[PDB]
Amino acid sequence: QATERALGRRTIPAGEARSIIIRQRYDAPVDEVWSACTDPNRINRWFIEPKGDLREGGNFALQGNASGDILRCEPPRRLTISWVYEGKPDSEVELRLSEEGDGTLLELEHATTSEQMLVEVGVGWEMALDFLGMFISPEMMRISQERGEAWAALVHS
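Residues numbered from 1 in each chain as written, not as in the entry; some residues may be left out. Heavy atoms only, no water. Residues with missing side-chain atoms left out of burial classes, pairs and counts.

Peer 1: Could you give an account of the side chain of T80, with specific residues and numbers?
Peer 2: Within the element layout of this structure, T80 appears in strand 7 (residues 78–83). Overall, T80 belongs to the buried group, its relative accessible area being 4%. Filtering out sequence-adjacent residues up to four positions away, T80 remains in contact with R10, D69, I70, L71, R72, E92, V93 and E94. (Helix = DSSP H or I, 4+ residues; strand = E, 2+ residues; numbered from the N terminus. Buried < 20%, exposed > 50% of the residue type's maximum accessible area, 1.4 Å probe, protein only. Contact = heavy atoms within 4.5 Å.)

Peer 1: Explain the environment of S91 to me, and be specific about the residues and the numbers.
Peer 2: The topology assignment puts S91 in strand 8 (residues 91–100). With a relative accessible area of 4%, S91 lands in the buried category. For the pair formed by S91 and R23, sequence separation is 68 residues and the distance between their alpha carbons is 19 Å. With near-sequence residues (within four places) excluded, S91 lies in contact with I12, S82, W83, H110, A111, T112 and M117.

Peer 1: So what's going on with the pairing of strand 2 (residues 15–26)? Residues and values would help.
Peer 2: In the sheet, strand 1 (residues 4–12) pairs with strand 2 via 9 bridges, with the strands oriented antiparallel. Residue pairing for strand 2: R5 is matched across the bridge by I22. As paired elements, strand 2 and strand 9 (residues 103–112) share 9 bridges and run antiparallel to each other. Each bridged residue has a counterpart across the sheet, and for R25 the counterpart in strand 9 is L105. (Pairing = 2+ DSSP bridges.)

Peer 1: Explain the sheet that holds strand 8 residue by residue, including any values.
Peer 2: With antiparallel pairing, 6 strands are arranged side by side in an open sheet as 1-2-9-8-7-6. With partners counted over all chains shown, the strands left at the sheet margins are strand 1 and strand 6 (72–74), one partner each. This sheet shows a mean twist of 20 degrees between the axes of neighbouring strands, independent of strand direction. Sheet strands touched by helix 1 (residues 30–38): strand 6, strand 7, strand 8 and strand 9. Its angle to strand 8, the strand with the most contacts, is close to 160 degrees. Against the sheet, helix 3 (residues 115–135) contacts strand 1, strand 2, strand 7, strand 8 and strand 9, and its axis sits at roughly 20 degrees relative to strand 2. (Axes fitted to C-alpha atoms, helices over the stretch in contact; angles between N-to-C directions.)

Peer 1: Quick rundown of the sheet that holds strand 5 (residues 67–69)? Include the residues and the values.
Peer 2: Reading across the sheet, the 3 strands line up as 3-4-5 and stay open at both edges, with antiparallel pairing between neighbours. Among the strands making up the open sheet, the edge pair consists of strand 3 (50–51) and strand 5. Examined bridge by bridge, strand 3 and strand 4 (residues 59–62) share 2 bridges and lie antiparallel to one another. Looking at strand 4, one finds that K51 is bridged to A61.

Peer 1: Give me the packing of aromatic side chains: which residues, what numbers.
Peer 2: Across all of its chains, the model carries 4 aromatic pairs by this definition. Look at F60 and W83: their rings are 5.7 Å apart centre to centre, the planes differ by 35 degrees, and that puts the pair in the tilted class. Of this pair, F60 sits in strand 4 while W83 sits in strand 7, placing them 23 residues apart in sequence. Grouping residues by exposure puts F60 and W83 together as buried. On the numbers, 5.5 Å between centres and 55 degrees between planes, the contact of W83 with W125 is tilted. Placement of the pair is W83 in strand 7 and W125 in helix 3, with a sequence separation of 42 residues. Judged by its relative accessible area of 13%, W83 is buried. (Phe/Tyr/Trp six-rings, centres within 6.5 Å; stacked < 30°, edge-to-face > 60°.)

Shown next as structure tokens:
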């Protein structure tokens, strides 16, 4: 519907990280959004499907690098996973879904000790959450570039 970006702070294996925090409200209920964000036959519609044992302490790979472990899984609310990528320090991503009336307030936070990687990931999730939204690159470069300025400017100070 309409997104509020923010910055947090976390202690992850790679150390003290800051974080991207994306908040979006959806007019679907918590379950449906949980399923859409966790059932690989639904993640497959709007994003890249994960492979491996999708269960807690299990692990995931997405077709084009990124892989990681499934640290926490508290259906239908919370989801934490590690995030490993070739040239990159290790990261952590978390999804919290909360009820707001008949709908849900999604929250997606990706923490990383790399300042460069803050922007890159905030923007990368936002692009992806578009297709979640839909599900529930010339024009795209422009949207990538504005969104980058927003995260870049928030990361400044």
